[PDB]
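Here you'll find one protein chain in two forms, each presented separately as structure tokens under the names structure 1 and structure 2.
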Structure 1
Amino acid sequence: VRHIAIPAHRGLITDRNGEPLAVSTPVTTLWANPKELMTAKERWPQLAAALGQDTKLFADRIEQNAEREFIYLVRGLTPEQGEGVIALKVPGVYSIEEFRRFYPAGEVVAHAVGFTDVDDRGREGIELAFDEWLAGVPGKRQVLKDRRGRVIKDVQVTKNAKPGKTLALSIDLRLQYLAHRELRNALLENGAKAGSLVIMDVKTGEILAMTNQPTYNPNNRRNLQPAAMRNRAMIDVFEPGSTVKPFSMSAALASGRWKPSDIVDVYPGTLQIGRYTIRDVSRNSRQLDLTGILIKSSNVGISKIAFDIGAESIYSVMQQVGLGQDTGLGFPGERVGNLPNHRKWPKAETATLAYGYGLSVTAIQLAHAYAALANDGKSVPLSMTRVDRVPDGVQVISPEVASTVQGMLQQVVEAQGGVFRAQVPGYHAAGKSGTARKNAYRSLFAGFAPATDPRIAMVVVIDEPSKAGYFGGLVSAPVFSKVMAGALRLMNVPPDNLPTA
């Protein structure tokens, strides 16, 4: 070896407003030339001590490497700690200036941002996804050494290091902190195993927050529990159950065959389909209108609509809003779930599609589909980076149908017998609860606000709540209420439901 590499300064990662999320910090690595150390053995114990190493094990290491001209002693010290050991003047001890990431927000955005390894290479999250952008390129310095490997000098910088480039995420750290706190709070209030919360800008496709529990502090490389390192919002797939009923309803309203005031008879709350029985969560209904089917969350009601309009129409809307489909994000480990298709849809599969059973999605997909509904039926491609020019997007549901469904979902939140815990102080909001039997349950709420001129969509997933209440409208709805109330205020959306008159 006639060169040493010159590490490049890795690009700053910020939130959408320039708040630092991953910052390259100076550290110093110490290395030694055993051939030189072998001439200076009386110094070894002082050096061993400086390095926190056992005297005899350190001596054993040097002796075993006596034929080598390079070994690492320790990596990633503070500059001051490194200078401290260099100041001992032990022959054959040298230092290299390197970088280590610091993550100022720690566990709050750990799953989005990810982490680098000891060599400063991205290995999880955004650090990995945008590694090429962030990394820049190392330089090279030619060195002169004697025949024992003693470093005499730097001869010159052959190649200069090129710094990596700054990256501004879509995340709004203010919203990320709020979501993080409120998801953690709800997890603890419910004794739950895990959860995720996603907030999206419905107009721009930006992911404004994406938080999961459990989480981890990426600044601390000890312990490390891989289960806490899971970006569940992107990696965990789940059956969305009742939260997809608004897409079934969109298909119904688009077919020409259904209007909101139409009635379906769901008595006696079960419906036999050959060997399979559809069963409603509550079984105290006969006639329901279409908004009532959503309020009551009736699997029987949505199934009967599905039989009438056919599964193909429902599958198309779900596919178009992105359920079970690749997001087109860069993101390491992201899963796609599954939206089943059929050459010919049998009756059972038509019903189960319509109420979200036996298909699987991620929280990011579900939030993206709600964002399309909220954005007057126009889907904008997802982004984990700040969006300055908004892409054109794709009109997936007709604006009229989107408008009608928005209004129904506002009634789901606001009407008698609805999901009152999702109501957002100061604002009209809209959305739909779900509960999936995995007994072990996952509690869901998906929605957007304000209900007119929607601005943000949100999905809350609470995995295995362990108190007697486990329904999405009980467990996840209040998290939507609190997080939406804070997020809208932070975004300076004027309240559209303050008390009047």
Structure 2
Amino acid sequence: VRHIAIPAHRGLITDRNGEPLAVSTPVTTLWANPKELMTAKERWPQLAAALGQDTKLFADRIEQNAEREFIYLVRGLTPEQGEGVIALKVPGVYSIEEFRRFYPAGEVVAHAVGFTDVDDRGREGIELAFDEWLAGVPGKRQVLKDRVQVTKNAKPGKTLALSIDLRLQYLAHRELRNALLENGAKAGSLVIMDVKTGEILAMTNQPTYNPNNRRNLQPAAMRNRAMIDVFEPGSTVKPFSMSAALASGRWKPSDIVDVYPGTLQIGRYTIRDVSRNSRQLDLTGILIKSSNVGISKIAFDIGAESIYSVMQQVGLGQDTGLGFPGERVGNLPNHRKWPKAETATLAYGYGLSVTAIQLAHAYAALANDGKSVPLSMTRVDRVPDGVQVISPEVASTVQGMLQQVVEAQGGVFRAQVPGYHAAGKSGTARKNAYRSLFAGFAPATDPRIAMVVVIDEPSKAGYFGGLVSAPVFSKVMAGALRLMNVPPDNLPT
């Protein structure tokens, strides 16, 4: 009517290596002044036909808007398409240069990147989180009519390079989908983090969607599971309980706990081990055998406050600071005083709720010699100092224990990575809905990458983390380490 905005070119989103992920592409939008269109009714049917619109629906739309001075006819046409309609010389019909987003990697990085709405505003993912950086500033065209000027130029948005490595993202996406098909699972997540920089190198969820064509789309495919699915992490948090034990000054890895007969009565409750073939276990054995009894006895000795503190410091149930739309925090209840039942359940991971992103970040702190670096979804050039949350001595010790969980007899052999020493822990998460988990990092002797694999479980009162998720970790870690040119560390001493 008086002012019409001049859309600004929205900033390009690339992966960390400059591969295109969200591109602002010029498109031609047609608009009309219904007051002038109302004087040329005989041209409407050819215009409706050129637009592929029903003659009656098109005429009713003009008639109902007869007193308006601006209505869109069609948005997002190619420059070639706009020219053909303009050549008809229909009174009151005008072409406007607009920008429309295209997502070259499509479904492979759908949830991380997100998308823009009809007006080119960030709606999901990075598009929304970094909307101010990406959007730039629109210009203005003053239109004066009976009873055109450029006022303020358009400024383009800014390019953004994500932390995601499209090569690792594609490998993760492919392997997670393979694993889901193999096990008859319908949903899952896989997160890969650079332990040194806090960068999220890959974040894939299944099911996924093509952001280039969002009509039809089931809302389950829209779910950014890695950041929104909250669950009790179970056995995957035992390394944090062990970190508290080694930091207490009361436990060395060679110390023994008698877990026989794989049950422990605490008043009215019975703590039970899934695998009940042990008597004395050292601290590494407690992790290899995933003994709830062993971890609970240690937890009683050191107190739940020490375990709570380690979990809180590594970020379990805490804000990530990413500012990512829809990201959930979960909950790590600070009971202040914990009875035995609550102490045990916390120690073996059923007394808190976390996300896959949080679990990966906690494993990244352990892998990075106990130093937590803040999470980033954008490329990190200057690494922040981070915080020493676990002492380097304790983190080094727990790293060795987790390498034994993968490599020792009776360990999670399916998680072994050929050419490298790998470390990690399997578990069954609870939401009752279940998930099979594997969390770990590699190379075990000089860690570079941390990864969490979550596969949603149809299940039957079973524990499949070491069967379903561990092989995904093996394949994705091997490919990721090779893609990053990490030297193999399993060499003759």
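C-alpha atoms forming the largest set that superposes within 1.5 Å between two forms make up the rigid core. Just so we're on the same page, residue numbers count up from 1 along structure 1's sequence.
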{"property": "Post core alignment: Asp463 C-alpha displaced by 2 Å or more between structures 1 and 2", "result": "no"}
{"property": "Core superposition between structures 1 and 2, C-alpha change of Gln142 at least 2 Å", "result": "yes"}
{"property": "Distance the CA of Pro34 travels between structures 1 and 2 [rigid core superposed, Å]", "result": "2.1"}
{"property": "Angstrom shift of the Cα atom of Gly82 between structures 1 and 2 (superposition on rigid core)", "result": "1.4"}
